[PDB]
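Here is the structure we will look at.
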RNA sequence: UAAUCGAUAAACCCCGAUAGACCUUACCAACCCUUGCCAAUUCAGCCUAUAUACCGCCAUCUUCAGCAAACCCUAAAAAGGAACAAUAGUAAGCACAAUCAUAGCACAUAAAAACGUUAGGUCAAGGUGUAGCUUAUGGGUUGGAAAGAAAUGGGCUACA
RNA sequence: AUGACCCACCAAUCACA
Ligand SMILES: [Mg+2]
Ligand SMILES: [Mg+2]
Ligand SMILES: [Mg+2]
Ligand SMILES: [Mg+2]
Ligand SMILES: [Mg+2]
Ligand SMILES: [Mg+2]
Ligand SMILES: [Mg+2]
Ligand SMILES: [Mg+2]
Ligand SMILES: [Mg+2]
Ligand SMILES: [Mg+2]
Ligand SMILES: [Mg+2]
Ligand SMILES: [Mg+2]
Ligand SMILES: [Mg+2]
Ligand SMILES: [Mg+2]
Ligand SMILES: [Mg+2]
Ligand SMILES: [Mg+2]
Ligand SMILES: [Mg+2]
Ligand SMILES: [Mg+2]
Ligand SMILES: [Mg+2]
Ligand SMILES: [Mg+2]
Ligand SMILES: [Mg+2]
Ligand SMILES: [Mg+2]
Ligand SMILES: [Mg+2]
Ligand SMILES: [Mg+2]
Ligand SMILES: [Mg+2]
Ligand SMILES: [Mg+2]
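Protein chains in written order, with the authors' numbering: chain AN, 28 to 128; chain Ah, 311 to 387; chain AJ, 52 to 189; chain Ai, 54 to 102; chain AE, 88 to 344; chain AI, 70 to 397; chain Ao, 88 to 163, 201 to 234, 240 to 565, 572 to 674; chain AC, 36 to 167; chain Ak, 51 to 244.
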């Protein structure tokens, strides 16, 4: 079990987005190019908008990995701010400490 | 350690000219494909095999549509 | 009293090849707490003096990374908690080394790396000239 | 992978190696709840009956 | 969902809600009670309901001088083991729901008249097992505090005696009832009187005293006429060793006076 | 707790032997100084608090002093002041007062014999003598004290010293002396320097507010100043900064007589002027008389300026400035 | 290998065993879990990719196809036969390799099923001998029927396929091991197959001459002379003799070493040439070499050659030179048995602290040796130490080797310094057996005598009291000894008690006992209590 | 009032470990880090991985040795191997302790695909720094 | 059945060689270390906590395997592997006169399951132009050809090679690049006269 | 508006959010799916109700100096317990203080700040007591969430 | 200048045979 249904959704999304990365890239090559004619690019356009909607990366969310919180995340530990503090304050995060200066 | 990358040497990485042999030589397809090529030339994360598979997907996709290319205002092989 | 007899069996071979020369070899140790880096420095220097490796040691400026989070679960934005991570450095600069000596000294040193520290090894090696450049012209 | 962690530690609980006090708490609470008479309705039964 | 879980201590601390603001101002009633039961109480290392038997844990390491292999119990064997564990739980619930009897002092809910048992040994090793102590009056008493508002102390009034003519009383006060009990015992032993007994049953002669607003009047009886007195006076007399007496208290019946 | 101390000393000695063995040193010449380096190297704890780091020390220094047993096995207390609850302190008071009376008697006999032969030893001020602190006294009696207690005692010692001082009396009051360490604020003059046939150049280094400045001054030159390889009128366009550079020279009337080169980095323009100012000042102290050095210090020329930017604080705006506070 | 904390450190040999065995049972439990549910352990992290931490696959990779499932389920024994049966049910032809593998599986896993499987091996496929005979000559050594194997040696020699080395090994062993009343008829057949191997181009291995020696062991104790010849024979062809060879050599040489001590000198010199060399223990049987190489020095009591066996052990790989823990503790039992009596206390006390707690823990045999080592050299200083050590390791043996330990307390004479050692050592002892343990009167001779050389009468009295409280008595020389210890300090009342309890229990010196209390009461002038004693005994 | 990772003052009877008696602001000042690894240093990678690994180890160990864990775990990571170090109450017979040592080390080695060492230090009762 | 065995510190000889005890990196068992060491913060009357059961000492990386005796021994064992440094090379001048070409290569060690570091690929090639056989024309043409990779004050040419998966591949590509730069600096062409 | 929720004197109002075009997302409307994430489970699942059942994190009095066990005293005690030329108070503990940090002092700043007060804030960080839903208050897909009569807070840019 | 009502202290454990 992932902690939340939402997290589940996200796992799927990352899987699909991993699978179609090659197709998406190859097509958006054509799409993003001035050199090729527009007639290729409109077909290529429908091509990439044909692809399953959950395969596109912008639909991914970086979520807290233990607690599933959608924001207030620190990218480095993939941790919610709350869970991060909870680990660091027991000193289970090496080299992390309160800051005085 | 542990990873030799198929015993490949830097010329099977940098110079991709060999796989552009079959492609229209003076067209805009040379422009596009020389860009794709140049891109793959700078790409560390991919194997030789994979780069070649990209190249071939393009071969196959352009050779898939002859029609749109001819109609486009440039006769393309 | 009780001494095992004939306890040593090292295996070493000499290949005919021209072992690689290292003009300079830099070893950068990052760690969290200073004291461990000092002990490590002592150990490293001692280990090099015994192999006649002729090294210098200097200390690169410390980096402190700070960042902030909210102090409360829900809503008081006015209150925060700030965390640090301090990275401290030592630099072991060795000069005029050989290939084998480098591999030994580095093996020994790296094995004994304490757990809270990291290490970066910059080897500048000496090569004379490539073949096709020597004195042909096309 | 949360499936692997949850599954593996569940099994290791049933093989009596791992001991989960959280799951135990959940259990005992639930037992005492079915005893008091409020349980989880078998599927399909609750609404119409 | 494995990461999502917690320690038992955390979960119980959570569920019991002893630390809330309800408990402090007495914002909830005392007839509502729930308790914490250890969930590791009857469990053994290695035990699971899958039924395995591990060489180091469930079963002895060596059987008949050899190494036992990893093995699993039969279906019905596990049935019996779970039956045992269930009956153990039921036994602990049978033990828990039985409330120990409290010897009633004067009334069922009064602490008055109740025995605390011997006071505690003094620092010198000096020991009184000959002394008994009875509670006379326990009272919840309040004081208005700057921060907490009402503040509830118990104060108990207690008497000790050996039955041989030495008795004394003292009062003690604390936040916890247990604490005040201790305090008043140990303090009582310090103020002892000697009560002269005629022929070791009655007092010597009739007594009438007005102490503050209380009038006690006692009369000296013959041998057979036992202890006809206010209930507090009977308690104290039994502690002194005065076996035959008559006393009428008038005016304020306030216990300390 | 006596058996404890004995054991702890046994094992500290056994241990010190062991340690001296692994560190590969002579067990006899091993000092505390050496023990420390040995642990610091063996158990390297970075922790900022020095009291929390690993320590192997002689148990007498580690454990606190103990009040000895106060009575025999029969129950009789050894010292006649025991029941006061402070024996140590009231004994001190007793013997002190006793010595005071003694002094009074002896000096009165010497008043009747027409002799004042004593002197006032009460001025030790050049030695920088002071009384013990309360903390010290409290350590000397192995007993807690009160402020009024300490006060009483000190006042009594004062009464003592204010009379003719006997030998045993002087010695007595001098246990309660300490000497405050060196008080002189005189600077440390940079030795003047002669380089490559060139005569009389001095160096100085200023630091102000993110700006560092190294200034070399030549006594043998005419007046000019080269900062980072350019003229000081070019590098410091603002009048105010040129005046800052002028301050120390104009103060010593050296204004035409010296020739300076500077390296200044970081900070803004005004901070750099300040930096060079301080450095120049510190460099010109080699060329001048010891008295004018004191003058420059008293003009505030030689002190670094501690004022530095404060850190912004979370939930405020400016390190002081607060977000607007709404009453209702 | 063990955890380093004092609580988990093994105290005895039994604890060492149960601990290490436990750890392995745990390791096993883990591996079971892994291989039961492999999908949990699939996800990989490690970059160099250790293949060793991957879960294992014991299932057949194909089901209905014969040629896969056969070899698959064979590599995995019964599923192999289910597989070969499902291949023989589809009329799929089983080739020369198939049931050569199923045969090697019938030899490695597995008397009627051996005959049946052999019948299917020969009847269905006409297997080349070099495989079928291999398996069946190996397995019918295990199922104990060597005759059909000589028949298969005839069938194999007929087909021009030569018998490989392991054949002549197994059949030299089969013709050797089968002896009915006649050894020469066997040994001759052996030398004939040994010549027939040299003729067939098969070179006899070191393990063939080794097998031959092993065979010559079990029959004649004087069959060491042909074997010795073999020992020279291999040395001619360049193959360095294995530790197994030398072992068997030391076995028959030992059997003939007990009555005759010359063969001993030959083992000792063979060993003397063997020990200037660094070993490569690469052959199968080698453990009993270093077992019996040292074993001889214990019976013959020769320490120099034991120093040599040890110098041999520590040389090539010490660790690899002893197979089992029992056969390991034999080594130290015997070796330290030699070290204790044969050498100066300076050497024994030294190797003591090195071998005993560290390597392998004291048995009863090594227990008694330390006791006899300190009686001869007159060492009373090391008794508390060896006792405290023997307590930790030696709990079970205690009662039996107890009576011997204390016996070395009588033999000595006790100065004023040693009193407290005796007091503590004996007090802990008797406080242990009075709290539970039949207790010898010897122990009281000791507490009472050591307390007379101590100067302490009052405790020896309470101890004599505690034995007469045990419902039996010491002999009368001890009771006369404390009669004397209570007589010298003038304690006649305790003497009255002692001789009352003596006369109650019938003690043999009773004439002399009564005479001793009369003498002590004439010396302290207690005479009326002596007459009252005679009046209390007459009644 | 800050509450984070604090053990509040009770009536004065409460036993408190050296660890529990020090609020987060004392980390790196008085008490040290319960884990050590390279990941949180300036130029380094995969901090997140090691954090999750850590969390799972504390949970796992706490469940594998029920009731016998004295103080929180110590996790040292060195050149691809993790040495776990624990303070353990003496509860179990050394049979159960060695069984669990071996079981664990193997299990976790196969889980995290790296060599895992386990070091048990045994203690009579929870070491007590304060109150009590 | 409760077993308490005294620590190894009892049986420890005073002069026993220490590296025997801690050959490898070790957690610091308090039982196996003779020295009394108190660490931890004290309490108002009290002292620093004892070495037994002390969690704080357990956190410390301990240099106990590395005590200087153990290092002396270790290094003396390693003297056999190391090979000597050539005499005449003692000064940098001769280094350059003999070896013109410096190849810088990075290697990173971080703790965890994977060895793989992205940064390891990069190979840097530094070469003085004064050590090259170039013509005047060829030198100017090379300078213009490479541009920014050439430092005009120190005359050290820099080639940073990244693009390929392996450091050996990148080394080959940097060398190749250098070769080609030199070969194509000497070729004069038509437009060079323009 | 078909169309979330939470904060909402000091102690809300660029606040949960160091972040909403789809996703996020909890909402609305259509549609779909009913052992329906897992090794097993008459069970999964619930951002349903209760922050007045709670743990976790905090706000606030607060840079306020007190809280509190164990005792002792009082012609009785609800409670009070100082006087230094001293008259009944000793007290461990926690706070304050000291130390640590801001790479030398010092100062400053940071950090710290007990017991309690406001049933203060948060069942929507996560977890949970009690009570509720179970072919639905659960799980998915597709598309929609508008807007300015008015009032107002905080900012930005200005009025030179 | 004003500010529904209502708010508080009356129950006892754990562990072993
Ligand atoms: Mg949830
Ligand atoms: Mg996004
Ligand atoms: Mg009733
Ligand atoms: Mg501002
Ligand atoms: Mg809500
Ligand atoms: Mg609301
Ligand atoms: Mg409010
Ligand atoms: Mg939306
Ligand atoms: Mg949607
Ligand atoms: Mg919902
Ligand atoms: Mg609330
Ligand atoms: Mg105070
Ligand atoms: Mg009054
Ligand atoms: Mg009071
Ligand atoms: Mg106090
Ligand atoms: Mg400071
Ligand atoms: Mg300050
Ligand atoms: Mg603050
Ligand atoms: Mg402070
Ligand atoms: Mg509210
Ligand atoms: Mg609300
Ligand atoms: Mg919820
Ligand atoms: Mg507005
Ligand atoms: Mg704001
Ligand atoms: Mg009105
Ligand atoms: Mg009102």
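C-beta atoms are modelled at their ideal positions from N, C-alpha and C, and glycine is treated no differently.
Boundaries of the beta strand (DSSP E) in which residue i is found, first to last residue
{"i": "residue 444 of chain AI", "result": "The question about residue 444 of chain AI has no answer, for chain AI in this structure spans 70 to 397."}
{"i": "residue 262 of chain AI", "result": "262 to 264"}
{"i": "residue 67 of chain Ak", "result": "No beta strand (DSSP E) contains residue 67 of chain Ak, which DSSP labels as neither H nor E."}
{"i": "residue 268 of chain AI", "result": "267 to 277"}
{"i": "residue 166 of chain AI", "result": "Where residue 166 of chain AI is concerned, there is no enclosing beta strand (DSSP E), although the alpha helix (DSSP H) it sits in stretches over 156 to 181."}
Buried or exposed (CB count within 10 angstroms, at least 16 for buried), residue i
{"i": "residue 81 of chain AC", "result": "buried"}
{"i": "residue 161 of chain AE", "result": "exposed"}
{"i": "residue 167 of chain AI", "result": "exposed"}
Residue i at chain Ak interface by Cβ criterion, 8 Å
{"i": "residue 165 of chain AC", "result": "yes"}
{"i": "residue 98 of chain Ao", "result": "yes"}
Cβ of residue i within 8 Å of any chain AC Cβ
{"i": "residue 191 of chain Ak", "result": "no"}
Interface flag, residue i vs chain AJ, CB-CB below 8 Å
{"i": "residue 95 of chain AN", "result": "no"}
{"i": "residue 124 of chain AN", "result": "yes"}
Any chain Ao beta carbon closer than 8 Å to residue i
{"i": "residue 101 of chain AC", "result": "no"}
Extent of the continuous alpha helix (DSSP H) to which residue i belongs
{"i": "residue 142 of chain AJ", "result": "Note, residue 142 of chain AJ: premise wrong, no alpha helix (DSSP H); beta strand (DSSP E) at 131 to 149."}
Proximity test, Cβ basis, 8 Å: residue i and chain Ah
{"i": "residue 158 of chain Ak", "result": "no"}
Uninterrupted alpha helix (DSSP H) stretches inside the region 332 to 380 of chain Ao (no shorter than 4 residues): 335 to 346, 353 to 366
Secondary structure, alpha helix (DSSP H): runs of 4+ residues fully inside the region 90 to 127 of chain AC: none
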